[PDB]
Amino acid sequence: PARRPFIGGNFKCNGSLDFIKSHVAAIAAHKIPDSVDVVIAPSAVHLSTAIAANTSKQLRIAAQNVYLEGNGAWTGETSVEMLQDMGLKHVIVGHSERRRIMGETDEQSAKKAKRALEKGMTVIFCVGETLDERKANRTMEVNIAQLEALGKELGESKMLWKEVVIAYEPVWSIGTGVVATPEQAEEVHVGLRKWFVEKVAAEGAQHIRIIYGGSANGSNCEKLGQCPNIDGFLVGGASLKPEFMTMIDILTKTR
């Protein structure tokens, strides 16, 4: 009982119109197999430009965030409806930068994901513990709590878990170059599988993709991709470089 590999590239708050056009063009020009999901997430104002430049039949474009309300009086926010109207089907939710730096609570992330999922979108739901929480030996407690908030919102509607791609990114690995070792990563993904089996369904744990993120790059992704419970990567800085295409190849050849 395995899985369709997944690699997402989160551009974060980076890029100019020319960078988006050129970089998306370079990615789209790369041979992308039909056996692996490849998604890139440019900043909101760059979405249209990225879509126009994406000449690939496999590459999909995603948003880095979405609000938990539909269209209405939510100045500065983006609705699921807007993303779907633009032809987008993927969206990142709960990235630790929003959780830890911008105050996005466990419940808000969960509500954003639920709304996106109910409308038919695929959600890259991020979870991860800080250096201090790990030092306090609370790694699994935290990751599970974040996943539980989502479980509370979906709960019964298990089927909605089908369009969820969990992205484990230890906060101490985000933008620090301090990537997790295959053992550290696999150990956490194992704990996440177990939680899914118990709180969701044994069958579902076998199908849901769980990707690793946090300093993942061309020279370290192969060893990570060889781990049974690591279905791919959520790439940050490296997704802005040509090595992102190499990571795609490595992921394909590995699983």
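Start at 1 with the first residue shown and count on from there.
Comparing the deposited coordinates for 59 to 67 and 22 to 30, the stretch with the larger average C-alpha B-factor is 22 to 30. Taking the PDB entry as given, 152 to 160 carries the higher mean Cα B factor of the two stretches 112 to 120 and 152 to 160. Out of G214, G204, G191, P42, the entry records its largest CA B-factor for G204. Per-chain ranking of the deposited C-alpha B factor places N54 in the lowest third. Ranked within its chain, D132 lands in the highest third, by CA B factor from the PDB record. When all modelled residues of the chain are sorted by CA temperature factor, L240 is found within the middle third.
The PDB entry assigns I248 a C-alpha temperature factor belonging to the middle third of its chain's modelled residues.
Among all modelled residues in this chain, the alpha-carbon of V165 has a temperature factor (C-alpha) in the lowest third.
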